[PDB]
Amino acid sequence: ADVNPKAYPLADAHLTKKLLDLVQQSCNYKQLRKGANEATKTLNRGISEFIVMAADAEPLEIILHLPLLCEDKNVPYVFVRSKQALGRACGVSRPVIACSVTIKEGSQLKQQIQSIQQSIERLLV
C-alpha cells in the first residue's frame, strides 16, 4: 500500500526486519531512546547513532523536524510503516512514532550499528 510521499526514505520489508531487530537489541543493551521528544534530545546532544520513525504517525508533521535535525547533524534516519510495530520493538505496548539508537561505549552492537547505518545511507538519494 501507499505511504505519505513525505515519509522518505521508507524501508522495504527486509530492512524493516533488520531495523526492528537492532532496535529490539538496543532496547536490551540500553542504547535506545523512545519517543519523538527523547529522540530530539539525542540529536541536539550529539549522541545519536541513527533515527527510526513510523510513517504511520498522524499528523506526519509531528515528527518531520527529525530529518531536519538529522541532516544538519549528519545522522542517518529511516522510516518503517508501522508505529505499533515500532512500539513492540521498543518494549512498549503502545505505538512509538520515533526512536533513537544512541551511542554507547565499547558497544557489542557497534558492528551491527555500522552495518545498519550504511544500509540507510544507501537509501538516501
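Numbers follow the displayed sequence, beginning with 1.
Mean temperature factor over C-alpha atoms, higher-scoring stretch between 40-48 and 69-77: Taking the mean C-alpha B-factor of 40-48 and of 69-77, the larger value falls to 69-77.
Residue 20 - which third its CA temperature factor falls in, relative to the rest of the chain: Answer is middle: the recorded C-alpha B-factor places it there.
Chain third (lowest, middle, highest) by recorded CA B-factor, residue given as residue 100: As the PDB entry reports it, the C-alpha B-factor of residue 100 lands in the lowest third of its chain.
Residue 34 - Cα temperature factor, lowest/middle/highest third of chain: Answer is lowest: the recorded C-alpha B-factor places it there.
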